[PDB]
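Report on the structure given below.
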Amino acid sequence: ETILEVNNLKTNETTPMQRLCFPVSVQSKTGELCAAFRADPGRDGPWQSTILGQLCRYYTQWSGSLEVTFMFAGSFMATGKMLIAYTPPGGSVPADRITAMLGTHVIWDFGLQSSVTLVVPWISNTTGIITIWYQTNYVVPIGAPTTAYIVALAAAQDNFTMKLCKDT
Amino acid sequence: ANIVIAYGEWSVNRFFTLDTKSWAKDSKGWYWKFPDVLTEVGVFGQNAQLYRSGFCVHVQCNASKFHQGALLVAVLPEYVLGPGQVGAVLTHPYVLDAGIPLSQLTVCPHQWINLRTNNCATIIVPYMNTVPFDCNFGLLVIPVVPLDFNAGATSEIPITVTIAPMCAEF
Amino acid sequence: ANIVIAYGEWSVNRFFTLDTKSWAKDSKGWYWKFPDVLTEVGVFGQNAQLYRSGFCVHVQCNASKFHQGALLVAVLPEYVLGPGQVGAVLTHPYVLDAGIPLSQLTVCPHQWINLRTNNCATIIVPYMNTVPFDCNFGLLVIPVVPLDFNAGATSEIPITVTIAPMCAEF
Amino acid sequence: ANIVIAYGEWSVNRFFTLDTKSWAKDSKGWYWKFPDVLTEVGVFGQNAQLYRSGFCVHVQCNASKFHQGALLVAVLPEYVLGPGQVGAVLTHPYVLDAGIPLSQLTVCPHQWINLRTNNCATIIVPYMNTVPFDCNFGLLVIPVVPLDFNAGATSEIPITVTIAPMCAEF
Amino acid sequence: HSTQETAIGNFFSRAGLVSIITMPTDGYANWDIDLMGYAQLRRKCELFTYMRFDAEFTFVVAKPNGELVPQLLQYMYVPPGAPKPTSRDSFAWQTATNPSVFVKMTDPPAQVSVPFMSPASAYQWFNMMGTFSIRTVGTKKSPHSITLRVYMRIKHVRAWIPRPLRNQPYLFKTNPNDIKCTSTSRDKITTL
Amino acid sequence: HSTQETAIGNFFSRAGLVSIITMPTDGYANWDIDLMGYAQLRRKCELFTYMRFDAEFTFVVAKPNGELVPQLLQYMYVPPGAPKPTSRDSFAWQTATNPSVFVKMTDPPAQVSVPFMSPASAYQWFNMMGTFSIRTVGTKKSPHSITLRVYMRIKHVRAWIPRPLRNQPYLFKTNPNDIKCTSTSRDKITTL
Numbered sequence: 373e374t375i376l377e378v379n380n381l382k383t384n385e386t387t388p389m390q391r392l393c394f395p396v397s398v399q400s401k402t403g404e405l406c407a408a409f410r411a412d413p414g415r416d417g418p419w420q421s422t423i424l425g426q427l428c429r430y431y432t433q434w435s436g437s438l439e440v441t442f443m444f445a446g447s448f449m450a451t452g453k454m455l456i457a458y459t460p461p462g463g464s465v466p467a468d469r470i471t472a473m474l475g476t477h478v479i480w481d482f483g484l485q486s487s488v489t490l491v492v493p494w495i496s497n498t514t515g516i517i518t519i520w521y522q523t524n525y526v527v528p529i530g531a532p533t534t535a536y537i538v539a540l541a542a543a544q545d546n547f548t549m550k551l552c553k554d555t
Numbered sequence: 098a099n100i101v102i103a104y105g106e107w128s129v130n131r132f133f134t135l136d137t138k139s140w141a142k143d144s145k146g147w148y149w150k151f152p153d154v155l156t157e158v159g160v161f162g163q164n165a166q170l171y172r173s174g175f176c177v178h179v180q181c182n183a184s185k186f187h188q189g190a191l192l193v194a195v196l197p198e199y200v201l202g222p223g224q225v226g227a228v229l230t231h232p233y234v235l236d237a238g239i240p241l242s243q244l245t246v247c248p249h250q251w252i253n254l255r256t257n258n259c260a261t262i263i264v265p266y267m268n269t270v271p272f273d279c280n281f282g283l284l285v286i287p288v289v290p291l292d293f294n295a296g297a298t299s300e301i302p303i304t305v306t307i308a309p310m311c312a313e314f
Numbered sequence: 098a099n100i101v102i103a104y105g106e107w128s129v130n131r132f133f134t135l136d137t138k139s140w141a142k143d144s145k146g147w148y149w150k151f152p153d154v155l156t157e158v159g160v161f162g163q164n165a166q170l171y172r173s174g175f176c177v178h179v180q181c182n183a184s185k186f187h188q189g190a191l192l193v194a195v196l197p198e199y200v201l202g222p223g224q225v226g227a228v229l230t231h232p233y234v235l236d237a238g239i240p241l242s243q244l245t246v247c248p249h250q251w252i253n254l255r256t257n258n259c260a261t262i263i264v265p266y267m268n269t270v271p272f273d279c280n281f282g283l284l285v286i287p288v289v290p291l292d293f294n295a296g297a298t299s300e301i302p303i304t305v306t307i308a309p310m311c312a313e314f
Numbered sequence: 098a099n100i101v102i103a104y105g106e107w128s129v130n131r132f133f134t135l136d137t138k139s140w141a142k143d144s145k146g147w148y149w150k151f152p153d154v155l156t157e158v159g160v161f162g163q164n165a166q170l171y172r173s174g175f176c177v178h179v180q181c182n183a184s185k186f187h188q189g190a191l192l193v194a195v196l197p198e199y200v201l202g222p223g224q225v226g227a228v229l230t231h232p233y234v235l236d237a238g239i240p241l242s243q244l245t246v247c248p249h250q251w252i253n254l255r256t257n258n259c260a261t262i263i264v265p266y267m268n269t270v271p272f273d279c280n281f282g283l284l285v286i287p288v289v290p291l292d293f294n295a296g297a298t299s300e301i302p303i304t305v306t307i308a309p310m311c312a313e314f
Numbered sequence: 638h639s640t641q642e643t644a645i646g647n648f649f650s651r652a653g654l655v656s657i658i659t660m661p662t669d670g671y672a673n674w675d676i677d678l679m680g681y682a683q684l685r686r687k688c689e690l691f692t693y694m695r696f697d698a699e700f701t702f703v704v705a706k707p708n709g710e711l712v713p714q715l716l717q718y719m720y721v722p723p724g725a726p727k728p729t730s731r732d733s734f735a736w737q738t739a740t741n742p743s744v745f746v747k748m749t750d751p752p753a754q755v756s757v758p759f760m761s762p763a764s765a766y767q768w769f793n794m795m796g797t798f799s800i801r802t803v804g805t806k807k808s809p810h811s812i813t814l815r816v817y818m819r820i821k822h823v824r825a826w827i828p829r830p831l832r833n834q835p836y837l838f839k840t841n842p843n848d849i850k851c852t853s854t855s856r857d858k859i860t861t862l
Numbered sequence: 638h639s640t641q642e643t644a645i646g647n648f649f650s651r652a653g654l655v656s657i658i659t660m661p662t669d670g671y672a673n674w675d676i677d678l679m680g681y682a683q684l685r686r687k688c689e690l691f692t693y694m695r696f697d698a699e700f701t702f703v704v705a706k707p708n709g710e711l712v713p714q715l716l717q718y719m720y721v722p723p724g725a726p727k728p729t730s731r732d733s734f735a736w737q738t739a740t741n742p743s744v745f746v747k748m749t750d751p752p753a754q755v756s757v758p759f760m761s762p763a764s765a766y767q768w769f793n794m795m796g797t798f799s800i801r802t803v804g805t806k807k808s809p810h811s812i813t814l815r816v817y818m819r820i821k822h823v824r825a826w827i828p829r830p831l832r833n834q835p836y837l838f839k840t841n842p843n848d849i850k851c852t853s854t855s856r857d858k859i860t861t862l
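Residue numbers (UniProt numbering), protein chains in the order written: chain A, 373 to 498, 514 to 555; chain B, 98 to 107, 128 to 166, 170 to 202, 222 to 273, 279 to 314; chain C, 98 to 107, 128 to 166, 170 to 202, 222 to 273, 279 to 314; chain D, 98 to 107, 128 to 166, 170 to 202, 222 to 273, 279 to 314; chain E, 638 to 662, 669 to 769, 793 to 843, 848 to 862; chain F, 638 to 662, 669 to 769, 793 to 843, 848 to 862.
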């Protein structure tokens, strides 16, 4: 497992350290889209920082299944729910929260379980849409931090294959 | 073993998640009318336009240990007053806009939601009607104790309702 | 069973305790270079002036439940840049002053230190070299998530590192 | 036992009925492109918006014993020229608008439709592609012998095409 | 007669000339791999839809007048998707993942084999195996005119879905676009 | 797809050009053995720490214009620690412990193999295999310009201690010394 960059922005170029994690705050309401990124291991983007995307640059045809892991570094007494949805390849971007529940989804509540594993069923290169939606607002007590950060991790599975070596 | 069975006896299969209501200090209450509110949700969206199904509902509230309050969830067969995923808001939570007092609401199957020792509750209810194949029953969630918290904390406590239909015959 | 074995396989005996680093919001990171940093510590103080030993390191952080943050500890064989018990401070934690990005640092044996569910972590690493009898490997501890806390709390979170050499042949 | 198996080897289940084409003396021919023409029909209407299925097609012609003529039905994998339930009309039935002559069209699986001894014909074809999960094949129905009849009879002879998918894996 | 001559393997077995490359007094010529280049071997493969075949190539180098000169040339294969060289001094010629064959003119023609390059199970005629690159070694021009011809065989022939042949002449290269009768005529029906 | 293409052996298997040597109208050129010479094959080996590999070398000789001349050349390997030749007539060329390969330009390229030269169990990238020497035989200059290229393969690949790749571009040769982001950017978080 390695860390992706979901926080990629023009402003974060001066401070690359903030690129590792993306913020969640009490200001966000219910139904807003926290982060959305396509997963193609080869193309430039959030998947260029991981070791998988770099090894896929030396190869042309790759296919298999993937996995994405999230981590919650926030305070212990904080509670809330997060919607993790995956759109099948060839579909459309979900407009709101209710239209993303019909597809593949998992409910991530950091009040009890701190991490989950989202398995991308299939990928091919001859893409999918991973969106993070707000379910319940961030609940914080007094004295506790009002802003938390979530780090995204990813790793390839056993069925992932590669061939046709091409240098870059 | 907090499972509450109503009246002592028991791609379509999946968990439907409704909207999360913002529950504040000055609020009153919300109610959903099954099946009608669920007919626009997911696979049932194009299905509703006879039905025989049992309903398993989950009511979960995410709140820290610094807050206080209590809710009441109940299942009332054929609840008629005297609606979309947004539901509605009771303007008179004492009579529940039925002219029926709130103190006797516990005759129907219910489970107490107390922000102290329990963060979730569920009620399993079967289908009850005179005609087996047909506004069957409403879901009443109203706070008994209002919310009170010190300044600087989160003023909104989300309340989610997930519907899991079991034994569905269409 | 959180014990992390490196690469899947395995008065001198005692627990050596290094200094406790003060870890604040504006910090960057620290690193220790074994054996060299340990050569001035305790019994090894007069011993270092060939060595074959395995190293068992413990990284513990004492913090309350009101804080938040995450660290990353790893073991990198033959870590060369491009030092006493005080260690050093990385001026560019993104490249770790190796020109090597931080996102791929998890290829080496590592354990995640998260102030939420875990207050301690440890890594057991053996001796790895081309010559059995000889700057073997560095210990990189850098926060991924910076510290954030409300005013009135403790701004410094101590981080202690204890070295327990196992299977030492001199 | 007139069943023709292609190449010697083999609410979703039901008979889909396409439109009935009017076939006259001055006509030329029609063709349908599977699956694309079937994607707007019935249950597949909302299903198409990977598919693995075998196709069983029936071609029936209702005509009296006073008429005369012959048709030719065939299945051509990956038929590319050089479309809705209405299909299309071939402007050059000799080359089939492929530049490929009509006399050799019988290399592909076919069954002769002759208005004399047989009023119906069918062809069972499996799924044939290099990739198992994906304009697979077109259906060419063209008269070899034009229609001729005495005045006073019915000038239009309906031709119906019913699709019965078998072994459908979606 | 036996069935060995009419078999599918012996029908595509005989070699043919799939390309003609001429270098005037350029320095490098990039030629894309295609079996549709000439009329022969083209009509034959349109008889079938799916085809799975290994490719054998032959590199024959000579001058316009036919005499051979001791000059060293480079024969490189470019896999599909790899960038094509823009010049002789470019970076594509030093790339490690592009195989090269170093042969001279006195060196008898080299023979290389290309395996099955498609991601699918078989080719669909109704197909890019990549491209070549050829240049004269050295940073200076070579004062010799090079005209080479490439021969291509077909090994391990597999066939599926027999299709009717095309009677009409071909118009464009990428599409099978005044209709012509496929047979001759005669003045009467009863005449021989 | 099988696991044979992604294996460690096939990843370093393909040949590459590790050197370029040009002799103007000098007479001898000494080239030190290094795998760090070019960008390619360099980034690949920094993925690992300990590596144990046999070395296969290829000697290809030609002129600037590419034509071949019947001239005899000498290819000598100098083990680590041996003195380097200071000229063509020096004593290092007659040394018996320095192996030599006598080949001509018409002679097809010779192939030599160098075993594991390190005193340790494996190489440490974070490495000197010795140096070469090349001259034209005879006590007189040769009126031909010689430009040769050396190809290097890798046999019997062994790998240990996988390391994270280097995202930043290389500065110097002997040290991994304006920070650059390893990935691209976008205007917002929710944009695709």
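All C-beta atoms in this analysis are idealised placements derived from N, C-alpha and C, irrespective of residue type, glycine included.
Membership of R685 of chain E in the alpha helix (DSSP H) is indicated by the continuous run 685 to 688.
Taking one beta carbon from each stretch, the segment 257 to 270 of chain D and the segment 98 to 107 of chain D have 3 or more pairs nearer than 8 Å; the two touch. For the segment 694 to 719 of chain E, the residues whose beta carbon sits under 8 Å from a beta carbon of chain F are, in order, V712, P713, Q714, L715, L716.
Membership of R815 of chain E in the beta strand (DSSP E) is indicated by the continuous run 812 to 825. Pairwise C-beta distances place the segment 521 to 528 of chain A in contact with the segment 446 to 462 of chain A, as three or more of them are shorter than 8 Å.
By the Cβ-count criterion, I676 of chain E is buried, with 16 or more other Cβ atoms from all chains shown falling within 10 Å of its own Cβ. Ranked by Cα distance from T269 of chain C, the first of F:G724, F:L711, F:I827, F:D848 is F:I827. By alpha-carbon distance to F444 of chain A, the top candidate from C:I301, C:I307, C:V288 is C:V288. Interface with chain F (8 Å Cβ-Cβ cutoff): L244 of chain C is included. With fewer than 16 other CB atoms across the displayed protein chains lying within 10 angstroms of its CB, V246 of chain B is exposed. Beta bridge pairing from DSSP links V234 of chain C with no other residue. Exclusion of the five residues before and after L170 of chain B leaves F272, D273, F314 as the residues of its chain whose Cβ lies within less than 8 Å of its Cβ. Taking a Cβ-Cβ threshold of 7 Å, the residues of chain E close to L551 of chain A are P722, in chain order. Contact between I800 of chain F and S650 of chain F is absent: CB atoms are separated by about 27 Å, not below the 8 Å threshold. Residue pairing of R172 of chain C in beta bridges, as defined by DSSP: C:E313. Sequence-distant Cβ neighbours of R829 of chain E in its own chain, meaning closer than 7 Å and more than five residues away, are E689, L690, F691, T692.
In this structure, DSSP gives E439 of chain A an extended state, which the three-state scheme calls strand. In terms of Cβ geometry, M794 of chain F and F700 of chain F do not form a close pair [threshold 8 Å]. DSSP, read as helix, strand or coil, puts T523 of chain A in coil. With a cutoff of 8 Å on beta-carbon distance, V465 of chain A and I519 of chain A are scored as not near each other. The beta-carbon of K185 of chain C is placed less than 8 Å from the nearest beta-carbon of chain A. Each residue's CA atom was taken as its position, placing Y199 of chain D and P842 of chain E some 11 Å apart.
Listed in chain order, the non-local C-beta contacts of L196 of chain C below 7 Å within the same chain comprise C247, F281, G282, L284, local neighbours out to five positions each way being set aside.
For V755 of chain E, no chain F residue has a Cβ inside 8 Å of its Cβ, as the nearest lies near 15 Å away.
In the three-state reduction of the DSSP assignment, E157 of chain D falls in the helix class, which pools H, G and I. Scanning the segment 679 to 752 of chain E for uninterrupted alpha helix (DSSP H) segments of 4 residues or longer gives 685 to 688, listed from N- to C-terminal end.
As a beta-bridge residue in DSSP terms, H249 of chain D pairs with D:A194. For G804 of chain E, the neighbours in chain F by C-beta distance under 7 Å run, in chain order, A705, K706, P707, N708, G709, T813. Contact between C181 of chain B and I303 of chain B holds, since their C-beta atoms are separated by about 5 Å, short of 8 Å.
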